[PDB]
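Coming up is one lone chain in structure tokens, specifically the form deposited in one PDB entry.
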């Protein structure tokens, strides 16, 4: 069973997303919708284009999603002080709160599920070596 690193990372990622959808279920929010809120939360404000690059998802589907999240009262559109034709999406008070709830609900359990087949010893090594791939 030799499997290349690239594909293993993909598979483990997909599994993480399955579990994300599961653990986010009580808050009626998908993993895709959640990743959006987080990305917007990391930058005070961000444009749909800039958000498309960070997330690596289709612009059309993302624009529909951005409008879903506006109806939910989680995301608002400020006009860009720079562009005035593009908009800056940011989180609402409700969005920021819902996003933090999502973190509080998902965080510990997802990690605990992903790492059930591993020792805390092996967990440390895995985190360490994944860190080495990043810079």
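Numbering follows the first chain given and starts at 1.
One more form of this protein exists, namely the form deposited in another entry; it is left out here, but the text below deals with it.
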Which of 37, 50, 68, 20 lies at the hinge where one rigid part of the chain turns against the other between this form and the one not shown?
-> 20
By 3 Å or more, the Cα spacing of residue 49 and residue 7 differs in that other deposited form; is it closer or farther than in this view?
-> farther
Under comparison with the form shown, the C-alpha atoms of residue 6 and residue 53 in that other deposited form shift by 3 angstroms or more, placing them farther
